[PDB]
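**Student:**
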Amino acid sequence: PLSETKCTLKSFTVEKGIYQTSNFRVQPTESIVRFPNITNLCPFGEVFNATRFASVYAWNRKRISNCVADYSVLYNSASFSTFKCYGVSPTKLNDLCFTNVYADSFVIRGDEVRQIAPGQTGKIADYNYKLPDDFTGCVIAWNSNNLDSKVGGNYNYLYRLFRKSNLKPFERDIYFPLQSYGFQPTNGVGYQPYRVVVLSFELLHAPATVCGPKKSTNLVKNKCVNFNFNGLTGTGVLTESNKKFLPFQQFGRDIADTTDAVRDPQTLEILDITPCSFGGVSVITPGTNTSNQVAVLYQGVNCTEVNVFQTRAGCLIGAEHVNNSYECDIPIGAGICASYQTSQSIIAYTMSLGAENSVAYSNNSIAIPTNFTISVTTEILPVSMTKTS
Amino acid sequence: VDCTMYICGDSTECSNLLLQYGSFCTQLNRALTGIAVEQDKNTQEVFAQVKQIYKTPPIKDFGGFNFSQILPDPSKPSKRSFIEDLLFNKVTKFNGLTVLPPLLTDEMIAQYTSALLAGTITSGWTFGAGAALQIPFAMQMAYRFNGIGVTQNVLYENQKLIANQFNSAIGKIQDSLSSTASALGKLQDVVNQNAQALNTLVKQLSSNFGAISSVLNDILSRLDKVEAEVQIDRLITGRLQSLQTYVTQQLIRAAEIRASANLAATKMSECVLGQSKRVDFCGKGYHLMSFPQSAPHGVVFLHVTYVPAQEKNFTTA
Amino acid sequence: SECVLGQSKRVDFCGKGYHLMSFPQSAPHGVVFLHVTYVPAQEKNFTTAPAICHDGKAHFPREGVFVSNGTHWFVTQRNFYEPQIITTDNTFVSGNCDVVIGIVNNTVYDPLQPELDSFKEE
Amino acid sequence: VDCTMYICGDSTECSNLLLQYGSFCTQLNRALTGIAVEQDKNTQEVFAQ
Ligand SMILES: *[C@@H]1O[C@H](CO)[C@@H](O[C@@H]2O[C@H](CO)[C@@H](O)[C@H](O)[C@H]2NC(C)=O)[C@H](O)[C@H]1NC(C)=O
Ligand SMILES: *[C@@H]1O[C@H](CO)[C@@H](O[C@@H]2O[C@H](CO)[C@@H](O)[C@H](O)[C@H]2NC(C)=O)[C@H](O)[C@H]1NC(C)=O
Ligand SMILES: *[C@@H]1O[C@H](CO)[C@@H](O[C@@H]2O[C@H](CO)[C@@H](O)[C@H](O)[C@H]2NC(C)=O)[C@H](O)[C@H]1NC(C)=O
Ligand SMILES: *[C@@H]1O[C@H](CO)[C@@H](O[C@@H]2O[C@H](CO)[C@@H](O)[C@H](O)[C@H]2NC(C)=O)[C@H](O)[C@H]1NC(C)=O
Ligand SMILES: *[C@@H]1O[C@H](CO)[C@@H](O)[C@H](O)[C@H]1NC(C)=O
Ligand SMILES: *[C@@H]1O[C@H](CO)[C@@H](O)[C@H](O)[C@H]1NC(C)=O
Ligand SMILES: *[C@@H]1O[C@H](CO)[C@@H](O)[C@H](O)[C@H]1NC(C)=O
Ligand SMILES: *[C@@H]1O[C@H](CO)[C@@H](O)[C@H](O)[C@H]1NC(C)=O
Ligand SMILES: *[C@@H]1O[C@H](CO)[C@@H](O)[C@H](O)[C@H]1NC(C)=O
Ligand SMILES: *[C@@H]1O[C@H](CO)[C@@H](O)[C@H](O)[C@H]1NC(C)=O
Ligand SMILES: *[C@@H]1O[C@H](CO)[C@@H](O)[C@H](O)[C@H]1NC(C)=O
Ligand SMILES: *[C@@H]1O[C@H](CO)[C@@H](O)[C@H](O)[C@H]1NC(C)=O
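Going line by line, the protein sequences match chains A, B, C and D.
Positions 295 to 468, 489 to 620, 641 to 676, 689 to 735 (the entry's author numbering) are the ones given, in order, by the first sequence.
Positions 736 to 827, 854 to 1078 (the entry's author numbering) are the ones given, in order, by the second sequence.
Per the entry's author numbering, residue 1030 is the first one in the third sequence, and the count goes up by one each step.
Per the entry's author numbering, residue 736 is the first one in the fourth sequence, and the count goes up by one each step.
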């Protein structure tokens, strides 16, 4: 601790005093993860392998719920020309645990795959399919010559070159405003058909259902651990909770917008999160020019966590507690002060307010001074400071 | 405040970003600790005016005056006065926030006030100058009367009356304090403005400042490193701004409280340890004496003053 | 202004004890006041009374206190023991002496009567 | 000062962005109002003797 203060002061000599120098904080011992123990596997492998994709004229919509997903096998696959995510990382998708997923499928020109990003502008965006600004998901696309290109032009695929008003995000509607693509294997890649699938997740504000492959683990209570419930992740000590959650509630939110209670996803159990113990650490030290001894005060946390002495200000370690009061040297708090005294030790004690005295009062007695002393008292007052500019 | 704990959770990714902003997260701690120690200094200056802990004689024949309302109750756990017990009833973490206990506990303040009050009762202003010199309370009141320009005989011939009025007035204060809490507003506001500030600071953790989410753990669990720091630094900026605003407000408020404590210490010195010839400095009317009383984070002075009444005209030359 | 250019009647403003005077001294970015103050010391107890009943009239001290050294009564200034004989000019009078609590019987010396006797002799 | 009128003009687009900065506007307005009433207190304590 003494050297901790020395660094904190950027000095090799530490004058007598009490210095705040660090923060005691309990590290977690193990990591606990909980997820709803569903067995179903998600049907993603089918949306990427459908015989016929839709066209932005009537772009196709599919919804995913109640299943376990694995996006690593999809991200690493070779067929996918572009796979870019917004509001979430491609590798992380195995860590989160969602309420629902929307998969939108369509075909589009290769030149127009630049036009699908969220908040982007262009005819395929404002007239066919607009992604909003608040989009959180992944855009996926790959060239599809052998699927959606054929001799004579695959006229089956349509799009809108004009509309009387720009689209609201995720809207669909059904001179003439429509035109078909000229998908011929002879045509250049920019005009070749690209199959595009857009996955928009709904992050958890409710019981998550489309959720990652992470293995659930049996939990523990009354011990600071890392916890992860449906992707709600943090560190703290779990305990049984007396809060009466309504059946549709998943977690309790505190004044500081932090989750103080969570429902175990695989049980009706309701658990309370407590940020496991922490506090400030101060160093009660006499002048290094007098002694290298030292004592440590852990503020606001008592001694079963970190001689040892418990005080209203915190847990004091190193200093020795003695019950006889002094004009107190180093102020610890709540009447306790510390000092260094000759064995040589740091004593801690309740301060003395002053010498106890009683005036000899009576209804007929008065004391009068017979002599006097002239006293010269110093009083130093700062009048100004350096005129810095 | 553990400014690292406030700005960032218990996460190293955010701590590293916060680190390369420099010494802000130590300047704030320095300022707050300065305020914290200044509070101790203020209380010391106000109540450490007396060199010794005087205490009342066992018998209370103070010329008919009845100080039992303001002197400590011998039977109480904390040796507080009856009035002090009215004041102490009429005034009413998880993010790195902490409240350090004051150095002098409320019973220590009560001890100081009782010592001052006993010194005043048994020795007048003499203990303020040097060592206490006992004096019958009637004569002390006589000499204060003389101080306000009234021949001391007026006290002796009217002592039984002057006691009653005093004993009457000290009753009135009780009725004022027990019935109406609003009297303590001056202290309560100071408490409120502090709590209200605190309630604001923590609330600022519930805002985005432009990031994607207020909660930092979700940002970490969604964005990896390069695209995650771009958002985390937004929260760093927002929360540094909020904490700096809080510390500036606290510095100004602590300066105000420093001024108030200096005034209180001056009043204690010039009205409890003596007699103030400064008009209206200690109560309306001519000052006779003052009695200090402890209160949560404050001091209450009972100014006993002399008010002329029932005036008659006369012709003069 | 108040301690150097004058004498402060405010207690504990210009140092502990009764203020006599003050002297300023310069200091780097500051001022040091040397407060010369008067501190009483070596006190003695004395029985006392608020007034004296001599002729049935209550006598009070114009300045100071009535103090008895156990068997005799004197009038002495408040802050320094200098026992003076209780004269009709060290004191004043107000009415009958049954109105004051704690009054004490004693005689008050009058400087005129010796002159009266001297003239009667001559 | 009405910061929402100072920081942002008449547009709602700026107002919505300012809103997600939290209670900064409330804090500033509260401080300025405290100063305003403090001036009345100052005049009162001087001339209401
Ligand atoms: C009043 O006090 C002064 C000292 O404060 C006394 O003078 C001292 O007398 C002793 C006698 O042995 C000397 O040794 C000291 O040197 C003297 N001090 C000074 C400063 O001169 C004085 O006697 C006291 N007066 C009375 C009446 O007791
Ligand atoms: C001093 O005043 C207190 C009240 O302020 C007196 O206390 C009362 O005493 C009577 C007689 O025992 C009780 O019936 C009352 O209940 C007491 N009131 C309170 C509020 O305690 C006390 O008697 C007075 N003492 C003197 C010497 O006058
Ligand atoms: C109180 O003071 C008086 C006056 O000095 C003392 O009486 C004197 O005592 C001395 C001897 O100590 C004699 O020489 C004087 O003649 C006395 N004078 C008078 C007028 O009586 C008296 O002894 C003192 N009493 C106490 C208890 O100190
Ligand atoms: C002071 O002396 C006077 C007498 O000189 C005392 O007065 C007498 O008191 C008794 C008892 O009360 C009465 O019976 C007499 O009639 C009183 N005589 C006169 C002339 O008044 C008085 O009591 C004494 N007071 C003290 C405090 O000693
Ligand atoms: C489904 O699509 C994925 C992604 O291109 C592919 O790896 C997989 O082989 C497809 N399924 C079948 C049965 O071919
Ligand atoms: C899921 O967990 C519950 C405990 O709440 C258990 O009863 C159930 O059997 C588990 N699921 C399966 C498929 O076993
Ligand atoms: C304090 O330091 C000085 C200079 O190094 C040294 O002379 C002195 O002995 C030190 N104090 C003590 C108590 O050793
Ligand atoms: C901490 O202190 C409280 C009250 O003094 C006590 O109940 C508690 O048991 C202490 N800590 C532990 C771990 O026991
Ligand atoms: C301190 O208190 C304990 C009991 O609380 C007592 O036994 C001990 O004697 C006290 N200290 C001294 C020096 O007596
Ligand atoms: C006495 O003073 C009062 C003050 O209000 C005045 O009204 C009254 O007229 C005065 N007496 C005489 C006789 O003037
Ligand atoms: C004189 O006063 C002292 C206190 O300073 C006291 O102890 C002593 O008993 C008093 N003398 C008498 C005779 O009462
Ligand atoms: C002083 O107190 C005693 C206590 O026995 C009492 O007898 C006496 O009358 C009292 N006198 C005055 C003047 O207070």
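Quick reminder that beta carbons are idealized off the backbone N, C-alpha and C, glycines included.
Does DSSP classify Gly404 (chain A) as helix, strand or coil?
**Tutor:** helix
**Student:** Can you give the Cα-Cα distance for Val1096 (chain C) and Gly885 (chain B), rounded to whole angstroms?
**Tutor:** 17 Å
**Student:** Give the single residue among A:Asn556, A:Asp427 and A:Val610 whose Cα lies nearest to the Cα of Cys671 (chain A).
**Tutor:** A:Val610
**Student:** Closest Cβ-Cβ distance between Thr961 (chain B) and chain D: below 7 Å?
**Tutor:** yes
**Student:** For the alpha helix (DSSP H) that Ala694 (chain A) lies in, which residues bound it at each end?
**Tutor:** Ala694 (chain A) -> not in any alpha helix (DSSP H); beta strand (DSSP E) instead, spanning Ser691 to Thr696.
**Student:** List, in order along the chain, the chain D residues whose C-beta lies closer than 9 Å to that of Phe970 (chain B)?
**Tutor:** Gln755, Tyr756 and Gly757
**Student:** Is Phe338 (chain A) near ligand 5, with its Cβ less than 6 Å from a heavy atom?
**Tutor:** no
**Student:** Judging by CA-CA distance, which residue of B:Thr1076, B:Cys1032, B:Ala1070 and B:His1064 is the nearest neighbour of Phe888 (chain B)?
**Tutor:** B:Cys1032
**Student:** Excluding five sequence neighbours on each side, which residues of the same chain lie with their C-beta closer than 6 Å to the C-beta of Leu753 (chain D)?
**Tutor:** Around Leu753 (chain D): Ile742 and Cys743.
**Student:** Closest to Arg1107 (chain C) by C-alpha separation, out of A:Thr724, A:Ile712 and A:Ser730, would be which residue?
**Tutor:** Nearest option by C-alpha distance: A:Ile712.
**Student:** Mind checking the stretch 1052-1075 of chain C against chain A and listing, in chain order, the residues whose C-beta falls within less than 8 Å of any C-beta there?
**Tutor:** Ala1056, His1058, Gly1059, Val1060, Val1061, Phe1062, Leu1063, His1064, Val1065, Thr1066, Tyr1067, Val1068, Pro1069, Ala1070, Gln1071, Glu1072, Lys1073, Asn1074 and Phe1075
**Student:** When you compare the stretch 394-414 of chain A with the stretch 506-523 of chain A, are there three or more beta-carbon pairs, one atom per stretch, that lie closer than 8 Å?
**Tutor:** yes
**Student:** So which residues of chain A does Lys1045 (chain C) contact, with C-beta pairs closer than 9 Å?
**Tutor:** Here the neighbours are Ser721 and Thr723.
**Student:** Which two residues bound the contiguous alpha helix (DSSP H) that contains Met900 (chain B)?
**Tutor:** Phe898 to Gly908
**Student:** Under 7 Å, Cβ to Cβ, is there at least one residue of chain A near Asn953 (chain B)?
**Tutor:** So, not an interface residue.
**Student:** For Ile980 (chain B) and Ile993 (chain B), which I take to be in contact (beta-carbon distance under 8 Å), what is that distance rounded to the nearest angstrom?
**Tutor:** Separation of the CB atoms of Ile980 (chain B) and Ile993 (chain B) is rounded to 6 Å, and the pair is thereby assigned contact status at 8 Å.
**Student:** Measuring CB atoms only, is the stretch 645-655 of chain A touching the stretch 747-763 of chain B, in the sense that at least three cross pairs come out at less than 8 Å?
**Tutor:** no
**Student:** Would you tell me roughly how many angstroms separate the C-alpha atoms of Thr1136 (chain C) and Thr1077 (chain C), rounded to the nearest one?
**Tutor:** 15 Å
**Student:** So what does DSSP say about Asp586 (chain A), is it helix, strand or coil?
**Tutor:** Residue state for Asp586 (chain A) is assigned as strand, using DSSP reduced to three classes.
**Student:** Quick one: what does DSSP say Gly594 (chain A) is sitting in, helix, strand or coil?
**Tutor:** strand
**Student:** Give me, in chain order, the residues of the same chain whose beta-carbon lies closer than 6 Å to that of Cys1043 (chain B); leave out the 5 immediate sequence neighbours on both sides.
**Tutor:** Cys1032, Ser1037, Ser1051 and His1064
**Student:** By alpha-carbon positions, which one of B:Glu1017, B:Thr1066 and B:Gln1071 ends up nearest to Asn777 (chain B)?
**Tutor:** For the residues B:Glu1017, B:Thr1066 and B:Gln1071, the minimum Cα distance to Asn777 (chain B) belongs to B:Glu1017.
**Student:** Can you give the Cα-Cα distance for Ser494 (chain A) and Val401 (chain A), rounded to whole angstroms?
**Tutor:** Their backbone Cα atoms lie some 11 Å apart in a straight line.
**Student:** In chain order, what residues of the same chain have a beta carbon less than 8 Å from the beta carbon of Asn928 (chain B), not counting five sequence neighbours either side?
**Tutor:** These residues qualify, in order along the chain: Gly799, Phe800 and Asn801.
**Student:** Quick check: is the beta carbon of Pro728 (chain A) nearer than 7 Å to any beta carbon in chain B?
**Tutor:** no
**Student:** Output the distance between the C-alpha atoms of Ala1070 (chain C) and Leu894 (chain B), rounded to the nearest integer angstrom.
**Tutor:** 10 Å
**Student:** Anything with a beta carbon under 5 Å from a heavy atom of ligand 11 counts; list them all in chain order.
**Tutor:** Working through the chain, the matches are A:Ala706 and C:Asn1074.
**Student:** Mind pulling the chain C residues with CB within less than 8 Å of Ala713 (chain A)?
**Tutor:** Within chain C, the residues near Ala713 (chain A) are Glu1072, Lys1073, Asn1074 and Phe1075.
**Student:** At a cut-off of 6 Å, would you count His1101 (chain C) as near ligand 3, judging by its Cβ distance to the nearest heavy atom?
**Tutor:** yes
**Student:** Beta-carbon separation of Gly550 (chain A) and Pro589 (chain A) under 7 Å?
**Tutor:** yes
**Student:** Quick check on the burial criterion: 16 or more other C-beta atoms within 10 angstroms. Buried or exposed for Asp1084 (chain C)?
**Tutor:** exposed
**Student:** Does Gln901 (chain B) come within less than 7 Å of chain D when only Cβ atoms are used?
**Tutor:** With a threshold of 7 Å between beta carbons, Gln901 (chain B) makes no contact with chain D.
**Student:** Under 8 Å by Cβ, that's how I've got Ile1132 (chain C) and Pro1079 (chain C) pegged, so tell me the actual separation to the nearest angstrom.
**Tutor:** Right, their Cβ atoms sit about 7 Å apart.
**Student:** Chain B beta carbons: is any one of them nearer than 7 Å to that of residue 677 (chain A)?
**Tutor:** It's not possible to place residue 677 (chain A) here, given that chain A moves directly from 676 to 689.
**Student:** Run through DSSP, which three-state label would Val1008 (chain B) get?
**Tutor:** helix
**Student:** If I'm right that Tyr873 (chain B) touches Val785 (chain B) with Cβ under 8 Å, what's the distance once you round it to whole angstroms?
**Tutor:** About 7 Å; that satisfies the 8 Å criterion.
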